[PDB]
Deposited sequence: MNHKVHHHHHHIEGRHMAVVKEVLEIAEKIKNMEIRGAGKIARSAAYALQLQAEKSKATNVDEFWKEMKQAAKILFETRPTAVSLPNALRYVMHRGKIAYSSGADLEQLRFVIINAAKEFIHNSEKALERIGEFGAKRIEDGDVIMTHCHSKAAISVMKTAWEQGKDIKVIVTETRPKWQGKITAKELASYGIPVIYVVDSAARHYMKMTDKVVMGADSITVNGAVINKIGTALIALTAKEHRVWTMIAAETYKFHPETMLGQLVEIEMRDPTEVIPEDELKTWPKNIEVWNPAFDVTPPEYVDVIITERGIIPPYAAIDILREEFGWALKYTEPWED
């Protein structure tokens, strides 16, 4: 073990969750690799690649759950592993790893903006838009469309149990966008007057299925039933290599639904389940809006391939 202090610190903040959010986390791990590369005591082209992998394993293990973390690492390590086994020199390999990370970081910092741009192109003047939860990426599409002078109205679903809809209603209204706040159970009733559906995603599966706050799949279902164009705004680093459509089907604190004081006063045979997400089938989603462009759900695997060097080779860049 010969990893820099910088790296060890970043992983500490990640492992303890001092750094949260797909974007910030990914940006952090990429930057950690960048540090291990800039300030490295190495001397040969193998000692460097070795310690580079040493670092990536640590960062990786801070949170098995974290979705964007593994990808930021794969992004930087795949290009590195390719330049490496290409016979590249020491100072040569270092350069590769630094620009890969720096390019990742920059790309990520601009992620929310570019997604907004790409999604706004699919937003028309007079469009009534329905959304769910509190998604920065989705909100960025609506905001950009409004800043382009497009006259839109956003139907915000409450999003029980944590009510993320309130934050979304207030945030959107703050920019001056007309908002209609509604209970989740009303998504179908108003799908009849919705032109576009724009939601975010915790992660995307290899089949292009969408993992997001419960209710999401319900909205997508009725949107599909009404031929309402449905877009999912998500960064490339949220694309996941495994299946979840029939492999997962995370349970959260039951008290999020029924308050502690209230829950204890309830019968014993009544059980409160509070599932965090549901899985939206690829067929219920028209396109996924990423920082690199709009793509169809089933193109998810191409993203995993082109971006993070994924393949059934089933071996992580920092592995062998």
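The deposited sequence has C-alpha coordinates everywhere except the stretches 1 to 16, 266 to 267.
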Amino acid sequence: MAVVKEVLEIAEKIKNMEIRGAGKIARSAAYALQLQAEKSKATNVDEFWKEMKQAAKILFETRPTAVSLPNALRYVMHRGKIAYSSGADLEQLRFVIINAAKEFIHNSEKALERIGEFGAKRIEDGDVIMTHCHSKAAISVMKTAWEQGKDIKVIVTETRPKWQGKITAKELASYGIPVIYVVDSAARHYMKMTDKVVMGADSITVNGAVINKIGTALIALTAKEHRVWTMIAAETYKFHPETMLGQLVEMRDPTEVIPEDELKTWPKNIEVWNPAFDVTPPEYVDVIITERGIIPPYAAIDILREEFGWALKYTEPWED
From here on, numbers count along this sequence of modelled residues.
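Mean C-alpha B-factor is higher over 86 to 94 than over the other stretch, the pair under comparison being 86 to 94 and 196 to 204. Judged by mean Cα B factor in the deposited record, 71 to 79 ranks above the other of 161 to 169 and 71 to 79.
In this structure the maximum Cα B-factor among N269, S28, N274, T280 is found at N269. Remark: of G126, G176, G246, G116, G246 shows the highest value [criterion: C-alpha B-factor in the PDB entry].
Sort the chain's modelled residues by C-alpha temperature factor and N99 lands in the highest third, per the entry. Placement of the Cα temperature factor of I294 within the chain: middle third of the modelled residues, per the deposited record.
In the deposited entry, the Cα temperature factor of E61 sits in the top third of values across the chain's modelled residues. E109: CA B factor in the middle third of modelled residues in this chain (values from the PDB entry). Among all modelled residues in this chain, the alpha-carbon of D286 has a temperature factor (C-alpha) in the lowest third.
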